[PDB]
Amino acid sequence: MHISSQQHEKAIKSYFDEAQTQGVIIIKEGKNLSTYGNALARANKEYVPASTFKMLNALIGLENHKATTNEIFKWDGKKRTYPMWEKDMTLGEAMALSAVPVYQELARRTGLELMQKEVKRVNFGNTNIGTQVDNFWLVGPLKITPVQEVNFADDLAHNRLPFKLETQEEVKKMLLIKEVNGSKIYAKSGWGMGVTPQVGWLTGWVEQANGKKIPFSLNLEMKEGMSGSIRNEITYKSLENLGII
């Protein structure tokens, strides 16, 4: 192409600078990792996965028959942080709304012993879930780097995780968040509010019209004041700058 790598790096860094945060976005083309943003050293640092863990929670629950894709988890009628959570939903709907109460129910059905075994089996992050089955992805001890998240997304996009093909396909259908002139973006967002500083994620992949999958993981510091949509806006501007969408 004609745009210098200096120009691309400067543009993407500026997206993070303009949002007044510190962050990175890692892109993988084939086996090659590229790191962009205004805080590149974040790439190999560990953070809690927060709601990004719902991807793996869903795979484990479906694989081990703790839920089906059409099962409706009923709202128990207790007040929730967000009104959109106060309703009955499938795993797929709960994935789109990041409804942690539904995924806490799923984690409790899986149980600590099986959860620890499966997280170990998948080799996810530091693989440490500790003794509380319903919050380990939110406040620790489970942590993962942006590099590990992009490689997770790569494995899921390519059906390479150690679950049935059908399990992987059912979860990937839950993750479609955007369609852009023939490209589809699959991703899960994360906003870890139970740690300091607070971490923001958007981890996923672009499926281009020709079938090629380009995984990415954005990771940044969320600060009170910020809108969740900054995660998507930075990601889309970055993939667009590089010509991926």
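For every residue, the number given is its place in the sequence shown, counted from 1.
Participant: Which has higher Cα B-factors on average according to the PDB entry: 14 to 22 or 219 to 227?
Facilitator: It is 219 to 227.
Participant: For the stretches 178 to 186 and 201 to 209, which has the higher mean C-alpha B-factor as given in the deposited record?
Facilitator: Comparing averages over the C-alpha atoms only gives 178 to 186.
Participant: If I read the C-alpha B-factors straight from the PDB entry, which of 194, 61, 49, 37 is highest?
Facilitator: Answer for 194, 61, 49, 37: 194, with the highest C-alpha B-factor.
Participant: Whose CA atom has the top B-factor in the entry, of 79, 109, 172, 87?
Facilitator: By C-alpha B-factor in the record, 79 ranks first.
Participant: Place residue 113 in the lowest, middle or highest third of its chain's C-alpha B-factors, as listed in the PDB entry.
Facilitator: Its C-alpha B-factor, which the entry lists for residue 113, ranks in the highest third among residues of this chain.
Participant: Should residue 54 be placed in the lowest, middle or highest third of its chain by the C-alpha B factor in the entry?
Facilitator: Tercile = lowest for this residue's CA B-factor.
Participant: Would you mind ranking residue 163 by its C-alpha B-factor against the rest of the chain and naming the third, lowest, middle or highest?
Facilitator: It belongs to the highest third of the chain when residues are ordered by C-alpha B-factor.
Participant: Classify residue 122 as lowest, middle or highest third according to the C-alpha B-factor given in the PDB entry, relative to its own chain.
Facilitator: It falls in the top third of the chain.
Participant: Ranking the modelled residues of this chain by C-alpha B-factor as given in the entry, is residue 129 in the lowest, middle or highest third?
Facilitator: Within its chain, residue 129 is a highest-third residue by C-alpha B-factor, going by the deposited values.
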